[PDB]
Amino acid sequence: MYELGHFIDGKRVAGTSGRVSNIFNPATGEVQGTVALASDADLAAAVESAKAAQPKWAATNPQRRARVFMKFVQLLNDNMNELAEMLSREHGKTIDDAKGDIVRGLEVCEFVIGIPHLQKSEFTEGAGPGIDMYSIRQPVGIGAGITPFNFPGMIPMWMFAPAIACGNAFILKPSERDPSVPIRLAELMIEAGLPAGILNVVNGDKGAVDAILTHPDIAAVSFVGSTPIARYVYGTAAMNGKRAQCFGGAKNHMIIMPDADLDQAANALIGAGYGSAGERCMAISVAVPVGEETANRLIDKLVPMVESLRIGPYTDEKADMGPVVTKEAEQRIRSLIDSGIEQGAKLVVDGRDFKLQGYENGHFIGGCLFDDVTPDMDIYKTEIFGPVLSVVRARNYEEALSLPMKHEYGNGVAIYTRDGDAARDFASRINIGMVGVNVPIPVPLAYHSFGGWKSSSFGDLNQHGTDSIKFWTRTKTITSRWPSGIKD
């Protein structure tokens, strides 16, 4: 049994709350450790540590700040196997999934190496007679980020890389479900040459989150998670006068046109639907074949691929898919699957009976596939976040388009087609922030930016890319002239 505390001022520390939460191993269903839940006083200590450290860090030139990230990237590559094992053991996903998690975080770190260029502001000479005008992008001061269970490496680095690169200090409040990676990341930042107090990790639940939102020394909050919590963090942050960016849930659709490469479409669906047991806000949860023949041919190819998925713990490196994160998630998913049957959807692949020998207590659910799903059913309206894929049969292109158009969620969407007209038209019109053309998971790369539309995000600036530099800096504008003096 291991006990995680917090990471403050360069050290792992125990905290003072007398509160803990259990860390499970979701493959066995057993408790493997605890994590401390920060009190308001523990949060205050992290803020005071960030306050004491931030000015010297902001006073370090951009090139030197960038060198910390360069060093950190090498450390990540050096510590990859260790990081992935601790991630998988708490989260449930495969070693390869876990490495992908780390790698996508690493890529934001690579991006912020370019902070000297990225943080440039604008200069105008002769805005008026002898008058120059120029901006400067200065740190906001102290930022905080709140992250979900599914990417405990990538999403923290999404936020802390640009925030710290811009010369802010940063308080990370990660998911209490799987907190080993975030602490290890902050430890590695120290090893990379980051001053103590610039990246603090404060573990906790709602209590720690409320403490962050109400602290008058925190300037900016970044959130990734479910839509209901995203709304609450966004509204509350604003109510406290802070800047905020929040990113929510999804029900990503893949539309399949009759001219599409059906083999590639089926392959994309198995990976996008069932990768990480469907625990992704960019999982494809709805497949929309256009026309009966397309549906039938696609289902024909897809069904066997779902049935032959290898399910197992992270120690089995041959497995395609692991358990879901908690018993609660398991039960919530199972209840949703039952509602699908009850409401008239056809469960073509039924995974409810799956048990893994030796792991009967793990949070394991077999792959599920529903056909004849309709927009009024719960399995369609609700983000399931499990290995459950729904097929809605569309009669034509306009009908197919209107499905993701009309959904509450607008995170990601995909269209599979050979037709340039269909792809252009669909990607132009859809009210969804991230679009795949023959690409099933259209997550933009670290140097572009990430953000959904509709109920999938709140605020006006995305994750990473240039948007992140904007979010973590305040603009100062100077207008400048001089009286005539000694030159005359």
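Residue positions are given as counts along the sequence shown, with the first one as 1.
Comparing 293-301 with 116-124, the higher mean C-alpha B-factor in the PDB entry belongs to 293-301. Here the stretch with the larger average CA B-factor, out of 231-239 and 335-343, is 335-343. As recorded in the entry, 356 carries the highest CA temperature factor of 356, 159, 208, 199. Within the listed group 181, 377, 144, 73, the record reports its top CA B-factor for 377. Among all modelled residues in this chain, the alpha-carbon of residue 469 has a temperature factor (C-alpha) in the lowest third. When the CA B factors of the chain's modelled residues are split into thirds, the value for residue 20 lands in the highest one.
In the PDB entry, residue 408 places in the highest third of its chain by CA B-factor. When the CA B factors of the chain's modelled residues are split into thirds, the value for residue 170 lands in the lowest one. When the CA B factors of the chain's modelled residues are split into thirds, the value for residue 41 lands in the middle one.
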